């Protein structure tokens, strides 16, 4: 696994909010260590039988947390992100949708000399099945296993998880890097982690329209990733110049299209499927692994 495991101590920023409450309850039911949370003005209270703090400095001093998940509305995310980066927390997961691009440009540049990883924003988070979930993903569709997953989407990631759970392969760690133009963690950063994780025996890379991240990732894999990589690109059929829900999902000036991501996979020797239903099947074909749930 990478970054999160059964020892990870998790703080929740916006813990007392609707989504902070719901997803923290699901994380606790999954066996994730939710040590408490921060909501300015609710310091010294209890929520879900865990302490609430006014500040991340107080929360880290009290709990020794090493991870935080952000469920704060978009206008407060830059402030919440700098606060947690300054706190001593090593891993930050930002679920929030609608964060201004120029706020993430500043937060990403702020990270360059820090010992802190940021996943998101606009992402489902990170899960090491059987050990720790940080985010909104349904625990029960996952199973501890050997496939690492990197995706720019939420629900589409769940298709790749369901397919690998149903074939009995399972997942080592799954990272939803999110759909925004400047994520805190990009595909290459995540591919390096999975390459160096012994539990990960193969990698699924899920992308879509927008940017050159998949083309760049393909060039990285060709020379730096030895494990089998299976690609899938959503959005063959998207019209150009149209935001397809995700802020980062747009074809601008003949660039960010799907068939050139598929062409960069071919040039790098990276196997891919054109069917979202066949990610697990392509992985089985490439690896020659047994489907123990067939018989």
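Residue numbers count along the first chain shown, from 1.
Stretch comparison (29 to 37 versus 43 to 51) by mean CA B-factor in the PDB entry places 43 to 51 on top.
On average the C-alpha atoms of 150 to 158 have higher B-factors than those of the other stretch, with 169 to 177 and 150 to 158 being the two compared. Per the deposited record, 268 carries the highest C-alpha B-factor of all listed residues (268, 67, 60, 70). Ranking 122, 224, 80, 187 by the C-alpha B-factor listed in the PDB entry places 224 at the top. In the PDB entry, a CA B factor belonging to the lowest third of its chain's modelled residues is recorded for residue 9.
The entry lists a Cα temperature factor for residue 109 that places it in the lowest third of the chain's modelled residues. Sorting the modelled residues of the chain by their CA temperature factor places residue 56 in the lowest third. Among the modelled residues of its chain, residue 134 has a C-alpha B-factor that falls in the lowest third, as given in the PDB entry. Sort the chain's modelled residues by C-alpha temperature factor and residue 142 lands in the middle third, per the entry.
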